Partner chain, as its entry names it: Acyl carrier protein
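Only one chain is shown below, in structure tokens, and it's the form deposited without its partner chain.
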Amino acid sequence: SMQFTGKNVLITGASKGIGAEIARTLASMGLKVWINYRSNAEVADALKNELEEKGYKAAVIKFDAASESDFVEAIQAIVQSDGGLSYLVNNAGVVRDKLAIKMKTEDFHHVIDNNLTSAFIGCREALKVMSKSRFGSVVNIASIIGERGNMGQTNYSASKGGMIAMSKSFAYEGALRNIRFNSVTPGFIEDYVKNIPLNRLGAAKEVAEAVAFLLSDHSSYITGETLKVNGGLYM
């Protein structure tokens, strides 16, 4: 049970995986979670039903996070349904791994546009909708790959390393109005394990609880920071 002064959170790309776990974790901690899905609603709706059947507060919302007007419109609808938006998690993202010499600029842009510009739009709009209340916390879901790089991931590492640095700039622009911006860098989340000191993959739950901490009031003096969740894979 983590303490939250805000009441609601938008999680982009939250139908499955880490984003889904973020939704369950934050819902179970008493926040109303907005589950963003791009295309099919069946998985998102099921996650929503699961949480409500547990007595939690959840809703789904359709928009492409890579789309400026779509994302903008959605935030407005959430401010119009709940009165505001206190928390944002930029989780949406894709991979298209290729050795760089086989990588077209279209493949580079596919990952940049979906992973970095999406988080720009989200952080920008959060700044607009939380500046009024002088309260908000935003978490950007980056990756160990943005910190250290990886074979075959020149485009993914660019998107996540640009995310990490973008977040710092947003932290300066939100700081006087008490809007915090931070990043999480998960390692390998469920041989790969041979290089992990904890000798196991991380659980999606373990990422989700690190996000919860950075959104929560307990991290109220943490901004512009990158929280590693990698089991020791990178120190």
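Positions refer to the first chain, counted from 1. Only residues modelled in both forms are compared. In this text, the rigid core denotes the largest set of C-alpha atoms whose superposition between the two forms falls within 1.5 Å.
The discussion below concerns the form solved in complex with its partner chain, not included here.
Contact annotation: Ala77 falls outside 4.5 Å of its partner chain in the deposited bound form, judged by heavy atom distances. Remark: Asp82 does not count among the residues lining its partner chain in the deposited bound form, judged by a heavy atom distance of 4.5 Å or less. Taking a 4.5 Å heavy atom cutoff to its partner chain in the deposited bound form, the contacting residues in 117 to 151 are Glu147, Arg148, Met151.
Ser143 is the only residue from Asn91, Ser137, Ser159, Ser143 whose Cα shifts by 2 Å or more between the shown form and the other one, the rigid core being superposed. Three angstroms is the minimum change: in the deposited bound form, the CA atoms of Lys168 and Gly149 sit farther apart than in this structure, by 3 Å or more. Wider separation of the C-alpha atoms of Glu147 and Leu176, by 3 angstroms or more, is seen in the deposited bound form than in the present form.
When the two forms are fitted on their rigid core, the residues between the shown form and the other one that move as a run of three or more, each C-alpha shifted by 2 Å or more, fall solely in 143 to 150.
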